[PDB]
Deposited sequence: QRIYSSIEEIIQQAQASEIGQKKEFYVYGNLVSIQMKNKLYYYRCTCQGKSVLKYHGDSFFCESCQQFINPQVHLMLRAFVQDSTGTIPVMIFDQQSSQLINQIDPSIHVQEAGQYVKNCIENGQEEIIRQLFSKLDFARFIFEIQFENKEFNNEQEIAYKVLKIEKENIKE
């Protein structure tokens, strides 16, 4: 059976941990404030590399597989997760970001969520995306969350709306 943990507890286990350490928890609560200040989307390679340089003339070079490639556009979101007991900043990556977008606008397939966001933002439709992110404000989910010493960074591994 699944055992949930309060944000309060997670934070204190985090404070009391060594550098390389990582732990996963199941959390219940809501999403607050998807952040629109930073770059929402990034170019990624099929080699699981985020390290992708954009060259002139529609070229992209992957630092990992060390070659020019044709990248995908992936969502990387930063938000706050909040239960009755606490609040934390988390990073949500493409599988889960895309899943959220798709869940508010099911016309947008997970596969294309990043591109959708990029095309809107870069062509004067940022508002349309702000709107989108707002409808998630205070929506409740069950998350699987992971922390790690580096600061303590928290990442969403999994999301389910219930």
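Participant: Pop the missing stretches of the deposited sequence into a list, counting residues from 1 and keeping sequence order.
Facilitator: No coordinates exist for the deposited residues in 151-156, 169-172, so these stretches are absent from the model.
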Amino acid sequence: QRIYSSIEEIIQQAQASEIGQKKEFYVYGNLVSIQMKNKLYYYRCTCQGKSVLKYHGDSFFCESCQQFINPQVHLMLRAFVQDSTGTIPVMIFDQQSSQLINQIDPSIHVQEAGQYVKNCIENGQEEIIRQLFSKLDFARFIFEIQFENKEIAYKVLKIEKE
From here on, numbers count along this sequence of modelled residues.
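Participant: Regarding 40-48 and 115-123, which shows the higher C-alpha temperature factor on average in the entry?
Facilitator: Per the PDB record, 40-48.
Participant: Tell me which stretch has the larger mean Cα B-factor in this entry, 10-18 or 138-146.
Facilitator: Result: 10-18.
Participant: Tell me, please, which of 108, 31, 129, 65 has the highest C-alpha B factor according to the deposited entry?
Facilitator: Reading the PDB entry, the winner on C-alpha B-factor is 65.
Participant: Which third of the chain holds residue 98 when residues are ordered by C-alpha B factor: lowest, middle or highest?
Facilitator: CA B-factor rank for residue 98: lowest third.
Participant: Just say lowest, middle or highest third for the CA B-factor of residue 2 relative to the other modelled residues in its chain.
Facilitator: Highest third of the chain for residue 2's C-alpha B-factor.
Participant: What third of its chain's C-alpha B-factors does residue 161 belong to: lowest, middle or highest?
Facilitator: According to the entry, residue 161 has a C-alpha B-factor in the chain's highest third.
Participant: Of the three thirds of its chain by CA temperature factor, lowest, middle or highest, which one includes residue 72?
Facilitator: Its C-alpha B-factor, which the entry lists for residue 72, ranks in the highest third among residues of this chain.
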